[PDB]
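Novice: Structure, please.
(2 chains, ligands or ions: 2)
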There are 2 protein chains.
Amino acid sequence: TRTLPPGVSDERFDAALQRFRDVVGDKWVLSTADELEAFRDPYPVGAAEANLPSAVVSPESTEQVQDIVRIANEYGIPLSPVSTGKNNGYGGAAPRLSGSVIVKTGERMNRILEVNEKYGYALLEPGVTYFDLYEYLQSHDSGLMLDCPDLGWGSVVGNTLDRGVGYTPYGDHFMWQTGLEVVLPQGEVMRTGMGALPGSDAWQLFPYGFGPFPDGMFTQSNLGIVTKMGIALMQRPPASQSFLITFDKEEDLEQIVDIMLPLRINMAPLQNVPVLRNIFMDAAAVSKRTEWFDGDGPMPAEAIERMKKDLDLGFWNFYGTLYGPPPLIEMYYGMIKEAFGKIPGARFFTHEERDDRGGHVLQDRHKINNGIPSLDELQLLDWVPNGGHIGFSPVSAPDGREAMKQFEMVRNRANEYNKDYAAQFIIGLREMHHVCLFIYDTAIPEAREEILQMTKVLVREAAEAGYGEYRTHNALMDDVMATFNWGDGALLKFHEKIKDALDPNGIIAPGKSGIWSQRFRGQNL
Amino acid sequence: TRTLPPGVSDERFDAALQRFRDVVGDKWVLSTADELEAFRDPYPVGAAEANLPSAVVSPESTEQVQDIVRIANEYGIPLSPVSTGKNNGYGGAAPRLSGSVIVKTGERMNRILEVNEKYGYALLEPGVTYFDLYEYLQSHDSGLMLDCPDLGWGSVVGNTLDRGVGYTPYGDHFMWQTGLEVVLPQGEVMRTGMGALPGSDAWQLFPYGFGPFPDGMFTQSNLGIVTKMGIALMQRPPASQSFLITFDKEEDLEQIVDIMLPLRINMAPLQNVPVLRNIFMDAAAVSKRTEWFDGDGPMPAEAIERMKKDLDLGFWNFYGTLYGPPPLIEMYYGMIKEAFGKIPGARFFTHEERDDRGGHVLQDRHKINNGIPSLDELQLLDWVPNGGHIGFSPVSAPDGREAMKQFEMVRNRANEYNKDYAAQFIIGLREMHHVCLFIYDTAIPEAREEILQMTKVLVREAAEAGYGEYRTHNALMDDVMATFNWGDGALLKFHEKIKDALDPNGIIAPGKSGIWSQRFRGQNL
Ligand SMILES: *Cc1cc2c(cc1C)nc1c(=O)[nH]c(=O)nc-1n2C[C@H](O)[C@H](O)[C@H](O)COP(=O)(O)OP(=O)(O)OC[C@H]1O[C@@H](n2cnc3c(N)ncnc32)[C@H](O)[C@@H]1O
Ligand SMILES: *Cc1cc2c(cc1C)nc1c(=O)[nH]c(=O)nc-1n2C[C@H](O)[C@H](O)[C@H](O)COP(=O)(O)OP(=O)(O)OC[C@H]1O[C@@H](n2cnc3c(N)ncnc32)[C@H](O)[C@@H]1O
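Specialist: Numbering: from 1, shown residues only, chains lettered A, B, ... in the order given. Ligands and ions are numbered 1, 2, ... in the order given. Next comes the structure:
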């Protein structure tokens, strides 16, 4: 069965494809089953096929994006914009609504438009990856550093548009975004902030401009197709030092988090975004499950102890990085050792003190925390055959008790559905993103189904407990949006009203973040 | 003539007033000319009467705000929400559209809902002033400090809603805003972020929630009436030190800014928001114009030399504050002395070194920069009889040539229209808010029209040079918004569409930020 936009005939679709090829050129429109396989979710969730694209269109310019959008409006064809389309764990490039055309802006709009050394920023097209920006900065001998997520192959822009995160002091990517250019759902182009002022040099200097401040509305959003974005870049410090603290017990989570808060809330002595990773996360980065346990079920405790002993890691492993002149690093490290050294069984290691296998994660963090992009974390996906993951990502207060409750709630469903729970707390000033990655064999229909059902349960149970997700998978966007329903779904109704006003024909990424335009509401898509 | 809402009769307005009284109480609805005098712009702009309220309603609660909004929809009555209505320099409490009813939320919705010591936040109603919050923190022996603008009588909430600024490291108020509750234009209530998740404790912990991030759309905005807002609060550091650098020559501006940028962009050694104030700003804070000059026209060079010599101040005066352990402060201050000391004629003073009349501004800044609110700056308005100001507030790159260009441009016109130009550059990481206060005799219709005409010319002339304003007066909002016209006025068209979608009846603060709903567009008020 050929994949078709909803309500659009074989004939009408064929004509639209031709219109698209007129805009972007023949090579840059894909529509055959073989070509579209590469744009399916690499880590499919649920037994049944879902999230099927009808085509991929690769524009080279904003003008072409505007014409594509105009064509889509005429035919009623949905358009799902992506940058590099590496949102793996949340759907990959795949559209929320089957039958949508992917607009893969980053294939050809991949220019670094500006890196400004004096004011420390970049103006970027969506195709710029973190590796690309890294190469630029190195080549020019920049005094700037980037902030990258765990995997460097994504888009500086794309990641920011999903409010993704890295681990330097610039880790909150949307916080550092300054200025954007967007194609709105009927094809009009708009610049935000000081970019709305012709001839301004301040587009990447002052984010707000004048009047209502809208850039946030284009994040986790279906209100347009972004074609340019600025981002502030931090100055590279003179020196840095990373460290690991291993903690022996599952139960240490509470005290680790409680001790952490006062050292983090003022951005010193914990300067970077610390990560607190469980043994499953760290073992999966350097080893296969079968090294520790052959068995269909939850890993017994003795296999867990062997993981820890062989990798010389704790159940909970805390990684951080310090920056500045060497005497500042030594003061801050001293404080960190003193505070966390109050937990029995804690041991400390700098990035100069491990050369073993279990220390590979530390060396990888030391790269990432210094703005050096890496793909070593891809090795997690070799944990089991045909490995995929999904991200269940609740927000947590920086409170040890809350963090333990979340860990216990997630652990228990993980056990019930037979899926390993790899945990990574990403610690902001006043909150943590509690990222729960579930690694599974994507070829087994039953495992894909258990992933879906387990995660649907976790979203509901976490919400009954007062926790919501910061970000989620295509498969869960409706369920997650249904949890933010204070005042009888006030927030959703507001988003629908705006959606319907800007997108009267229901073209752009319908269903993103549970937000469906009028023509799609009330349906089972 | 009685001031009446456009298109609304005496009889209908009388009916709507009684309904307002049914909601809030007779005592809480003001509608006589005498009662309304105190809600006129205290620093009026233009010779002709403008910005006339028809009434003032003071609601006790969110529910009452909802009822008021419902009434105003049924009767076609525009509503102008304020918190404390101290937006002096930009309109005071007066509505952009004459005939609107002011909803003074802050009169009775003035509760501190929560101050959380552990996570460092406050949840506030709109009537909490900076003084009120300071008093709370002092009374409870808090380890937190607030961040305040120059005058403490404003609203933590109201100031943030106009994207106002203060001077500690938390001086970007909008950056630290975390969660809000808002009554939308037809009377529905919504909570943003994690507050949309029933029972979440993270409303003031994690700003974004899930899906498109909307809070910024309620700043400089007419999309709702805000009833609660969260803000982060910084921990008080163990020590601080403030300093003043005087620079003798107007031409020193370029070099000052160019030396400043590398000391600021990393937040160290310039940790706080420095301010660079000219002699007219500082002299006006401590003296009357007639002490220095009592002739016609702009002050002569000799008179300016006298202000400087008598006050022991420069033409340009740089104020900053340093925070932390004493050895860190000393290291940072040594670095600041070394850099700025290259400018011939620069002199340095700490808050411990000057107790004279000229040093009164340094003493005030030492309070403000440590979150101690003050009203001493109100003395600026005694510079001339019936004194008032208007703020012309262009954004500048943190570049000396740019700042110098802006200063000369503004000075040329100030001189041409015989208005004294007091300057305060407010220095962010990558930008400056170049606040130009023109102080004038508000009683004289000539002076008020010259203010109006001069500022209109400056808005145009700045925009021709590629500069736009971050914030502006009622009288200038149309003109300022007209400058942000990239892409054939795309930004404004986008705002108008959202406005019409959320506010089908055109009720909330029509004209705020140049954004008029359909029923008022093209009418010229
Ligand atoms: C499997 C995995 C994933 C992962 C990770 C570790 C592992 C093992 N670590 C991450 C980390 O440390 N931090 C983080 O933010 N994410 C992490 N992930 C998830 C994922 O790898 C990355 O976030 C990746 O960077 C995201 O993919 P990409 O950068 O390629 O972004 P995209 O797929 O193009 O876009 C994502 C969504 O944003 C909207 N979007 C994107 N571009 C546009 C344009 N131009 N216009 C409008 N909307 C756009 C779409 O919603 C798109 O789906
Ligand atoms: C004359 C002057 C002004 C001044 C200053 C020094 C002098 C001599 N120094 C300032 C500074 O250091 N920083 C700063 O941000 N502003 C400074 N000003 C300007 C003014 O004093 C202050 O900003 C003052 O804090 C603002 O007044 P207030 O705080 O009372 O705020 P408001 O008048 O109530 O509200 C302003 C606008 O915001 C919108 N608003 C307010 N509340 C609501 C609600 N609840 N819902 C919807 N919108 C709201 C309106 O647009 C309102 O007009």
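Novice: going forward, measure contacts and count neighbours with C-alpha atoms only.
Specialist: Fine.
Novice: Enumerate every residue touching residue A:451.
Specialist: Taking C-alpha atoms under 8 Å, 6 or more residues apart in numbering or on different chains, we find residue A:451 in contact with A:45-46, A:390, A:417, A:419, A:438, A:440.
Novice: what does residue A:501 give?
Specialist: Residue A:501 neighbours (C-alpha under 8 Å, 6+ apart): B:497-498, B:501.
Novice: rewinding a little: just the closest of the contacts of residue A:451 to chain B, please.
Specialist: Nearest to chain B, judged by C-alpha to the nearest C-alpha, of the contacts of residue A:451 is residue A:390 at 17.3 Å.
Novice: how many other residues sit next to that closest one?
Specialist: 23 (other C-alpha atoms under 10 Å in any protein chain shown).
Novice: Now tabulate the contacts of residue A:451 in a markdown table and tack on secondary structure and distance to residue A:81.
Specialist: Formatted as a markdown table, these follow (DSSP: H, G, I helix; E, B strand; the rest coil; distance: C-alpha to C-alpha, whole Å):
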| residue | secondary structure | distance to residue A:81 |
| --- | --- | --- |
| A:45 | coil | 21 |
| A:46 | coil | 23 |
| A:390 | strand | 21 |
| A:417 | coil | 33 |
| A:419 | coil | 32 |
| A:438 | strand | 26 |
| A:440 | strand | 28 |
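Novice: Who wins on neighbours among these?
Specialist: Neighbour max across the contacts of residue A:451 (other C-alpha under 10 Å) = residue A:45, 31 neighbours.
Novice: Which of the helices or strands spans residue A:103?
Specialist: Assigning secondary structure by DSSP states H and E places residue A:103 in strand A:101-104.
Novice: Alpha carbons only: can I get the helix or strand following that strand in PDB?
Specialist: Once strand A:101-104 ends, the next helix or strand along the chain (criterion: DSSP H and E) is strand A:112-116. Extracted in PDB, the C-alpha atoms of strand A:112-116 (Å, rounded to 0.1, in the frame of the first residue of the first chain):
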ATOM      1  CA  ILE A 112      27.300  28.400   9.000                       C
ATOM      2  CA  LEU A 113      26.100  32.000   8.200                       C
ATOM      3  CA  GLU A 114      28.200  33.700  10.900                       C
ATOM      4  CA  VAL A 115      30.400  33.000  13.800                       C
ATOM      5  CA  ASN A 116      31.100  36.200  15.600                       C
END
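Novice: which residues does the residue in chain A positioned nearest to ligand 2 contact?
Specialist: Nearest to ligand 2 in chain A, going by C-alpha to the nearest ligand atom, is residue A:211, at a distance of 9.9 Å. Taking C-alpha under 8 Å, 6+ apart as the contact definition, residue A:211 lies against B:219-221, B:481, B:513.
Novice: Just among those residues, which is most surrounded?
Specialist: Counting by other C-alpha under 10 Å, top hit in these: residue B:513 with 28 neighbours.
Novice: Can you get me a residue count around residue A:331?
Specialist: 11.
Novice: For the helix or strand containing it, buried residues please.
Specialist: Using DSSP H and E, residue A:331 maps to helix A:326-340. For helix A:326-340, burial by neighbour count (16 or more other C-alpha atoms under 10 Å in any protein chain shown) applies to A:328-329, A:332-333, A:335-336, A:340.
Novice: Out of those residues, which is nearest to residue A:276?
Specialist: Residue A:276 has its nearest neighbour among those in residue A:340, at 12.9 Å by C-alpha to C-alpha.
Novice: Pull the residues that contact stretch A:18-28.
Specialist: A:29, A:56-60, A:64, A:67-68, A:71.
Novice: ok, now with 7 Å
Specialist: The contact list for stretch A:18-28, computed with C-alpha atoms under 7 Å, 6 or more residues apart in numbering or on different chains, reads A:29, A:57-59, A:64, A:67-68.
Novice: same thing with stretch A:34-52?
Specialist: Here stretch A:34-52 makes contact (C-alpha under 7 Å, 6+ apart) with A:3, A:30, A:53, A:55, A:89, A:91-99, A:388-389, A:442, A:445-446, A:448-449, A:451-452.
Novice: With stretch A:517-525 instead?
Specialist: Contacts for stretch A:517-525 (C-alpha under 7 Å, 6+ apart): A:97, A:496, A:499-500, A:506, A:510.
Novice: Recalculate using a threshold of 8 Å.
Specialist: If you take C-alpha under 8 Å, 6+ apart as the criterion, stretch A:517-525 is touched by A:97-98, A:496, A:499-500, A:503-506, A:510-511.
Novice: just checking, what packs against whichever helix or strand residue A:321 is part of?
Specialist: In this assignment (DSSP H and E), residue A:321 forms part of strand A:316-323. Judged by 3 or more C-alpha pairs under 8 Å, 6 or more residues apart in numbering or on different chains; DSSP states H and E, strand A:316-323 is in contact with strand A:240-247, strand A:275-278, helix A:326-340, helix A:360-368.
Novice: Sounds good, over and out.
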